[PDB]
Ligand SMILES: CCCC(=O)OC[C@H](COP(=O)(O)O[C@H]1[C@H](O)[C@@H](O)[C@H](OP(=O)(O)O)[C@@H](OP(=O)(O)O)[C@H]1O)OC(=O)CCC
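Only one chain is included here, represented as structure tokens and corresponding to the form solved without this ligand.
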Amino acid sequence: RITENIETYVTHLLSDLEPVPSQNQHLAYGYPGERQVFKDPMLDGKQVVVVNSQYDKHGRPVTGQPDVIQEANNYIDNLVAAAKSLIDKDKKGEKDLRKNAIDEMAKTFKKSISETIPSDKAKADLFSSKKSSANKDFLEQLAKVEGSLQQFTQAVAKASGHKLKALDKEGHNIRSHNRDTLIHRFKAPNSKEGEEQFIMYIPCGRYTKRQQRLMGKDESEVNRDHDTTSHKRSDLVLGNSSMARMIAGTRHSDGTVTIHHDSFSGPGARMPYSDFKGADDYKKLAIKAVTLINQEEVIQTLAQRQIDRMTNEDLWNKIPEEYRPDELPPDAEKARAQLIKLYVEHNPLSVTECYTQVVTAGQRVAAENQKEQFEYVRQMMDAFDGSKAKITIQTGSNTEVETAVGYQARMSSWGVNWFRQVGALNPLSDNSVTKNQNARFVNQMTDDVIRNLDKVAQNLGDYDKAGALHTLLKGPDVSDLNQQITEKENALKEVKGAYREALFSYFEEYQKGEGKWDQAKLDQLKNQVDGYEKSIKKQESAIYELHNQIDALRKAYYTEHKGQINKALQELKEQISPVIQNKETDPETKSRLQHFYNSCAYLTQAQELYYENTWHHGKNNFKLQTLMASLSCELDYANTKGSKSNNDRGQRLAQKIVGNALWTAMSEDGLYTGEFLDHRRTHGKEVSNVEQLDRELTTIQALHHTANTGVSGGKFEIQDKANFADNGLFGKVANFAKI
């Protein structure tokens, strides 16, 4: 990342920026005047797309609304760029003749769309019924345009000499080569005078040194942005995708920023899922290695984030007095650089990932390898847990350093789609695939909270009601079974280390190919890896075995103390709020109470959904996932969240988390009440403040989708309409990216 502190970088992103003329954009976004494009305030050749909410005379948004003309234009233009890229790099002649013919067909398709789709029927309203006459008119235009788009795209394939698949591939290719920052600004319900809220996606791509060499490039380059053009196209490809830093907060009238949320959208599936088709056990193990390789990239990017969450004073405070230079250089940038190098050099770095996955692992129809997406990622996160990864930290624009970073994994996987929790004996999904890991994960998180309790609550007994919650939340004594688990988890470390290095070696060989193979060493390498994995699986089973015991006891404990736990939570609020709102109470004191309560509230509400097994009911659809992500963000972990491509399910999770973080941060209190999750959206002409905030959240999603696919979207199939303000119509536009 730019090695500037993230708060200052966000500050600048919300500045007066330089506009970018259409012909210089990296991508067509359409909706002119709404989706405004600008130069990045800090990085040369980087761009920013910003949307400001506008509203109609009724207070209903006019921005973030699907318009099929605009989407038709987006699709035409984005496919034309893929086409011209393919024809430029191809062997066949008559390049210009073909490119100009493509242009010519794009002009003709745009004009014909505009003569055939009336504007008064081209736009949808998200916040109304899909069955309104006006929305039925939008659907009808959409089906028309879809028809024109298959014609246009057929004609493009014919003219360009490339197939549908290759055009699509090249499309994803050039878009993720120069990704834009995306910003949505709006005043949330009850915003203060001259203040505004915001949500941004800032792309994160750094390539570990291991990825740089394997992707054909060379290790020595400090700047290691995502690049497939210098790659040699063996089927496997390295690097995470659809990953962005997600920041939400408020902007004060003076232009300063309070950050209310800071996590990752994505990454997507952490392996190359398409490679799965027709794969032998050799190609499968190789896929598992790509996932490992990708996991160290995640580790690298979490450490980079820790750094950018630190001010210069923070780094200074953390360099022992005797290593500090007498003089810090005049150049503000060369000072941060030195500050980062000294910090890293003198401090063990450790990072914790909380990955809330929202695929349905057990699904047996339209599976799309959701099983390996759970399994390979949980494997590889754990292969790294409680050890150290060699990594690179960018310190300046042409400087960097190498450190080990301590890593710690927490992974959970609760589905969100129609197959999330099938009935007894239903063969459409196997609900049991994630049972063990989710148990393990709930124990891990609830122990993390206990340890936090023993640490903080010990020293803040001015607040009696906080003591009593602590006692209750300690749960059943499970110290023995936990000891057993940490003993067996320590035993695994050396095998995991052997496993990781052996797998890495396996991919170096396999990545050569037929005319290049040395079969004897391949087979040898496969074999060592398998033995290590057999043995790891074996110990993983006894560890789960122990977790399931703790789970059993925790439940019994919960089912019987639920009432007291809530009473005790209520009573902490009741004593805690009026201190928080006292204007004489200092900021750091306020933080502490808020964190202590919010943390406990998240945990307990998660417990109810998990222990009563209600997380999967329609009315509770993303709540448990949101509650754990939220909790992990309180415990100051990096929360990664995902579906397969992260355009659909993972975006709806991000909406529920960002929207909650925004709702909560803007309370009198800053204390979580759950209204933003519990409130039943009604889609009416008059809605609540929570629903009004909800209306806002699909816009960054349409932008994000456009940047991934060429077209707006999110096509998540809503399970309970009362969970979301919008009616899913961006989903029908999202279908343009299939055709």
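The numbering used is simple: start at 1 and walk along the sequence shown. What we label the rigid core is the largest C-alpha set whose atoms superpose within 1.5 Å from one form to the other.
This next part talks about the form solved in complex with this ligand, which is not shown.
- This chain lacks the partner; the member of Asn78, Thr664, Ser85, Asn417 within 4.5 angstroms of this ligand in the bound PDB entry by a non-hydrogen atom is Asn417.
- Of the listed positions (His561, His595, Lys110, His231), a single one reaches within 4.5 angstroms of this ligand by any non-hydrogen atom in the bound PDB entry, namely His231.
- At the 4.5 Å threshold, heavy atoms of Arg649 reach this ligand in the bound PDB entry.
- Put simply, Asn294 is far from this ligand in the bound PDB entry: not one heavy atom of it is within 4.5 Å.
- At the 4.5 Å threshold, heavy atoms of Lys644 reach this ligand in the bound PDB entry.
- Though the partner is left out of this view, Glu368 does reach within 4.5 Å of this ligand in the bound PDB entry, counting heavy atoms only.
- For this ligand in the bound PDB entry, the listed stretch (310-318, 95-103, 636-644, 512-520) containing residues with heavy atoms inside 4.5 Å is 636-644.
- Contacts to this ligand in the bound PDB entry (heavy atom within 4.5 Å) from stretch 189-216: none.
- In a core superposition between this form and the one not shown, the Cα of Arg233 is the only one among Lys537, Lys165, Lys92, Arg233 shifting by 2 Å or more.
- Whereas the shown form places them at one spacing, the Cα atoms of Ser234 and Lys169 lie at least 3 Å closer in the bound PDB entry.
- Relative to this conformation, an increase of 3 Å or more in the Cα-Cα distance between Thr395 and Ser230 is found in the bound PDB entry.
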